[PDB]
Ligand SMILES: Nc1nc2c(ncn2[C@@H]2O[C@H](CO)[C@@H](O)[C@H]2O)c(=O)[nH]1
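Read the single chain below, which is given as structure tokens and is the form deposited without ligand GMP.
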């Protein structure tokens, strides 16, 4: 196999690398890497090297990396650009591995681990690591085993060994229900004391040092803990054995040289794009697997004594959940994939600046071009996306259209790049350009409304670099589109397979099956066809990953581009992009309004009701009324109608218009393409209103079709309203949705009935479902002797009413800083001395105050403030009454 790297570090004048060699065994080597950098030279000096601007550069090969850095400092001290890749690990990686790297994930040691630390006095700070580590479950992907380290004796308890038979049993039998698919993979190791345990762990770690270290929150707790604990008990010298190169750096995040840490909690917050209200392994675990972490009774701090059997099983299942999630989401793989693509240390996968730099670097390197020295830049804010102010109201029929990959496309269309800047032009006001009344900026260069002018005669580095990715995206998606076709020509080729013992043919499922190997296949045994589709899958699976990676770079490029720490950052350019986009969305709004006014005979009617960055929402009321609502059989009939109107009437007008704008700004290439996204309206023959907007980023639509796919039942698309906020009490968060559903699909009368009913039934709801949820920060900065200080928030003042109601109690759950807290208003004259009273979330109020809380809680204020207030918000905008007998005059200002 072709060698590939595992980790790379720069220690002094040496590069330390862990890699898989020719035979496939893990190795480490120290290399006195000699980097090259470049300085500008005169035209005379012949040379193959040039900077992105064409100017000639001379290669300077150094004796070692320190001289390289030293030189970069003198160049700065003089005032002359020091060109070249300053991050030598990157250069070293680009040098040692210049060829697409094909990696064997079965040879990379990927470790997931979690520890347990019985602490009776509050969360155990990793920096103190003041308590014993009573358990460690460390799963190793290479051995595919769960190595468990159980501490038997601790200042907090001596316990029996953990039982595996018991762990295997069911809940009802007293077992811990550890899945049978890992039950034989566990390796238990109990110890007499923490020292014997840590030293054995430290040893195990040396015999199986991780390459990829993951787990839930390992970078913020597990690692810093184990590190500090070992450091405090044995020497710091010993705690360093945790690094294969014996080196560590304390940022409290311990960085271990020679290891890549992809905290799974961060890999989730990155590549899942599913903003969740909580990031606890339990919450996220239920979400992805419909099963959470093991359940136990009492407080964790007392679980090791009370039930050490469940304690150890809990630690094993915790590590196992993460593995399951990743078995689904595949993020570690995605990370490996992307890291080797750009030739960077896997952890850099988290950095777009770092990722793109390395990609553009290796590309320009292949052309003997040298990259610019990254200059320092003031962080200066510039304009961003355009968002229209919607007229608050109900909207019966709406169709939205989305510009595809807007920002990367604008980069390509205008050809925006640092080295393709060609000048500027007098900038007229942005509206003038939106209406084509401003003077054509230039008929020589490709322009942008902010005043920049780019060359059209050359391919900018950024544009070229982003286009390859777009192409590769298309390419791979192409491959795995065939892995599909070829999927059926093998899936049904097994429903009626002859009985001829043979072997699976040799075809490239990336490319559609030919006839020579299309029917020659639908006549093989059964032992082959079932393998025929094993290759069809693996292939397809491969496609998805590359295609997903490509999509992630494309969408992150602008991120890097707008960042002042990016090598190609340029305020002028960052602004060319966003302003251009700003013009695009409004110009096309102008066209859509014009086209629809003509094909409707109306005059100056505002069809586009809303736009946000790359989206426009068009009202279709008129288009529907042209055909007369009555002439439609069912709901599905008009949904079909609008779909066609869009595809054969609107989209062509759109392209035609965008096509005009391209010529107007003299752009290198027309890449502004729109897609019809949603189609919403109320159920035909119903009193439903279909949709409404209360303001920017705040709306709800009853959608029937999204990008072509027709739903069985309409799906509510709600953006920004309280139903989407986690601070809203469960019961309310679901009644508000029911209110919106009744409004869009059923109408005012339906809504009013639910409302009345909900009020009538509010007090019968469980006090936790109707409690607000909030996170407490600066909980101390606002209290003075247990009381609310100056500018003290509502949830925080609340916490202090809880504190001054349980002060002097250790069996009562404490409100820590950061974590979420339920909040509730109390009637005046309550024993707690204040308006609100919070307490930790996910828990029930301590029974020592509970009965009085359930008593004094101000249902009225609660209802009004969390339910009625926000609904009134929705109903006002939708011109609806959630209560019969309401006055029309209320909607007027004085």
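Positions refer to the first chain, counted from 1.
Absent from the display: the form deposited with ligand GMP bound. The rest refers to it.
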| message | If I superpose the C-alphas around the site and drop in ligand GMP as it sits in the deposited bound form, do 3 or more of its atoms land within 2.4 Å of a backbone or C-beta atom here, i.e. is the pocket blocked or open? | response | open
| Any chance residue 38 has a heavy atom within 4.5 Å of ligand GMP in the deposited bound form? | yes
| message | So, residue 588 and ligand GMP: in the deposited bound form, are they within 4.5 Å at any heavy atom pair? | response | no
| So in the deposited bound form, does residue 85 come within 4.5 Å of ligand GMP, heavy atom to heavy atom? | yes
| task | Answer yes if any heavy atom of residue 95 is within 4.5 Å of a heavy atom of ligand GMP in the deposited bound form; otherwise answer no. | result | yes
| note | Assert contact_stretch over 628 to 636, 367 to 375, 125 to 133, 286 to 294 against ligand GMP in the deposited bound form, heavy atom within 4.5 Å, equals 367 to 375
| task | Kindly confirm or deny that 49, 59 and 91 each have some heavy atom within 4.5 angstroms of ligand GMP in the deposited bound form. | result | yes
| Heavy atom within 4.5 Å of ligand GMP in the deposited bound form - residue from 113, 361, 822, 201 | 361
